[PDB]
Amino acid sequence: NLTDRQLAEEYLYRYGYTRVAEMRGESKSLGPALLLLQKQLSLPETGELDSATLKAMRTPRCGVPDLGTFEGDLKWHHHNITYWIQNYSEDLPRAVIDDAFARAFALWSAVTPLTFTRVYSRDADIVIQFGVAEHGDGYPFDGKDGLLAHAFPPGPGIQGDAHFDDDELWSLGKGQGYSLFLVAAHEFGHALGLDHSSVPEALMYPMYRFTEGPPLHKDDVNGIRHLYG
């Protein structure tokens, strides 16, 4: 497999840190990219490929980049957001999957002027899809672990849609597998127009953190408030 050095390089590149360090003239060596990463994930800012940074880079996370072309202003311009569960993972019963997504939407519904209504139609605002490797959007998944899912900011077509890597074991996060409820709640955050948070305890923190407690943090609620009047 990849050397620690190579895993680091791929991570800094994939999540947009390499590009930002290039724009500041300092791509020659990893130090500057690592500091942007340590800042962005609230790690001690050593600028070293240290134990906390390598730990972080090995942590399963969202496939959405942390730093940086879509159409429109990346918020919804209607109250009633529709979602269509285009397909299913075989990892869970369909009713449990449907309920995991309903629960992810009820989380945001309480703190936004938006409503979420399940439909069965191609034209839903938020199309939910399970897929593996290349799955039709040219942002291919990476097999088991690493990237768990991604989503697209509000707007037309693929915009607002949420995809889940079916090379992961989907569960409710108890015993084996990733909580589909917690990953969906995070990705639906992007589907409403939220960026990653730097607050480790926040839902919109990019790394997967299993919890049984209520997942929204002040920072998530406030991010939504700074988006929707």
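When you see a residue number, it is the position in the sequence shown, counting from 1.
Among other entries of this protein with both neighbours modelled, does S179 go without coordinates in a third or more of them?
No, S179 is modelled in every other compared entry.
Answer yes if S42 is missing coordinates in at least a third of the other compared entries, and no if every one of them models it.
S42: modelled in every other compared entry.
For the stretch from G68 to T69, please bin the deposited residues that the model skips: none, 1 to 3, 4 to 9, or 10 or more.
The entry has a short gap there, with 1 to 3 residues left out between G68 and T69.
If you take the mean CA temperature factor per stretch, which one wins between 98-106 and 126-134?
Per the deposited B-factors, the answer is 126-134.
Higher-scoring stretch by recorded Cα B factor average, 173-181 or 26-34:
That would be 26-34.
Among the modelled residues of its chain, does the C-alpha B-factor of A21 lie in the lowest, middle or highest third?
CA B-factor rank for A21: highest third.
Going by the recorded CA B-factors, say which third of the chain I158 sits in, lowest, middle or highest.
For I158, the deposited C-alpha B-factor lands in the highest third.
How does the C-alpha B factor of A151 compare with the rest of the chain: lowest, middle or highest third?
Answer is lowest: the recorded C-alpha B-factor places it there.
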